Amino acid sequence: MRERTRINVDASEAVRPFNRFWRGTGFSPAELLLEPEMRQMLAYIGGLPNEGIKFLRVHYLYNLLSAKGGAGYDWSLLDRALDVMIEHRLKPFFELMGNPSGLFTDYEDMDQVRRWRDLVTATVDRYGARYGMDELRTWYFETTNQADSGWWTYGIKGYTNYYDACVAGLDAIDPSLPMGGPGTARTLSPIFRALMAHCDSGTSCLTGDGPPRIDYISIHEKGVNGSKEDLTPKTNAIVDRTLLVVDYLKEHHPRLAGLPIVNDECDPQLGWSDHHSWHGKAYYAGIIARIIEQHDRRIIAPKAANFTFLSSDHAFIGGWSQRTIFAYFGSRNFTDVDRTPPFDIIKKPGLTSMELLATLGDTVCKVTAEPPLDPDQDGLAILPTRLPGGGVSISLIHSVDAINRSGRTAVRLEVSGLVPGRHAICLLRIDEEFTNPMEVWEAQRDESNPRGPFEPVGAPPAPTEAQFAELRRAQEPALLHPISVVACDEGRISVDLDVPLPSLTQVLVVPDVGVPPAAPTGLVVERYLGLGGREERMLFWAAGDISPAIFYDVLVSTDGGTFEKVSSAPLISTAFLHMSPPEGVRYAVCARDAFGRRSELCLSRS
């Protein structure tokens, strides 16, 4: 419902601060953290620009513990699970949840309540020692998930004592460790209302002296109900129900109403493992961004509430059509790598969309559009930000709730108010033609000829090595056009964009700092086996600094010969899966800025 829009973004005019408030994902159960598939996934998840994903919300961490007869527990599985997060620069959004060796049966029994308190205290004590208390203090702790679905039994009172025990457990070591909840699934459920009453008036069953503290309020609100049918996400209703909850707090518990509000599981549709094919396509990138933009425009900007964090729950392991950030190819079903079944994973739009969004800056700029933008009616939305050091990062979102709608509009994008001097314009796109590995896969001929030679089919369930190389080129956030460098003496740039429905476009306009970018650091190389037992190496590294619009190449030397490039697309994330390394392989990673300059140093190892 629009043909051409002229959009002017004025980088010289700051409107308000901008936070990237969506930098989280999650999955269940905690045991996946011990599997090699998840280990590989965490390299991609921890490699987004500027901590583009920072928190993992993993269910049933305490099922990793078991009672060692006595006071304590065998911590060794939990240690491995937390260590993999920390090692990939991820932090737990730590749900105090699970039941070590089934020991907990009754939260009204005050000896159990006290034992739970002691478990929480022991957790904080151990991990504060293992990683440092500075690390611990960057975490968030949460109540056990739902509790308004299959909360074993325990009741409202059990729940409220459980909360008390969590809070007293953290307070024994450090009261500044943030605690919140209830992480309820249904809007204004009994559990939710009860915890709010308890934390407002109400008194802790372990102290006896006022309500237990609450540092944030968390709920799950999702776009549409679980179904085998492709029901249509209602994205604006997520914000409507969140504001309803806030209204409930303003009326009934005004002392809590200004607290940080968290949607700890914000997905377009309930039921991750149902098959909804749009999870593999640009629709999902569009819709994640659309949900984000609605929260920014309707909650944060007018200050209707202190909305602080939105976590997706899309790091489950599964196929193209499930709510997963990778498509898993291999023999395992989740609904030493020489022991376990080999596998390949391909990035999907749930992750690439977050790669693009991770590039956003820290300040909202003024934007004017003609005709004026009306995202709730026609689907064209914008997140226009200024980067530290100058320049802009703009997300242009063309997304509607309906899955089955296509089309395109024209945008003339103008950016003014830049500091004069050269700038580079980088255009990244997720749509049907770009960053589109599922489309590529569907068009690949299945060489196993499962319907015989006269009926070729696509979508090979076991792609060839060459097919996988084609998918891995397509899986990376793609340049819509080659980067252009503009000598903008007037501090203006402009560009024409063809904007499909659905699509996500990231426009980066970055100044020339005058020197090559900083070299990458901390290169880790690990062995995996791909489908058919093919040798593979996963590379993970860190950016040399916080510069915008940095792209990485991966090179290979054998066994001393000069380095040749082995990455296909320029990488914006600090992770790369390499297939079939030669003998005596040495890896090197180079950073490239948008002006074509290579980091003077490459980072080596193997």
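In this text, residue numbers run from 1 along the sequence as written.
- The gap between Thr335 and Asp336 holds 10 or more unmodelled residues of the deposited sequence.
- Set 188-196 against 203-211 and average the Cα temperature factors; 203-211 ends up higher.
- As recorded in the PDB entry, 579-587 is the stretch of 18-26 and 579-587 with the greater mean C-alpha temperature factor.
- The entry lists C-alpha B-factors for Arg89, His314, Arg298, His253, and the highest of these is at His253.
- Per the PDB record, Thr153 has a higher Cα B-factor than any other of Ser353, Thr308, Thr153, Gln294.
- The PDB entry assigns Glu447 a C-alpha temperature factor belonging to the highest third of its chain's modelled residues.
- The PDB entry assigns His276 a C-alpha temperature factor belonging to the lowest third of its chain's modelled residues.
- Sort the chain's modelled residues by C-alpha temperature factor and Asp240 lands in the middle third, per the entry.
- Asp553: CA B factor in the middle third of modelled residues in this chain (values from the PDB entry).
- In the PDB entry, a CA B factor belonging to the highest third of its chain's modelled residues is recorded for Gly169.
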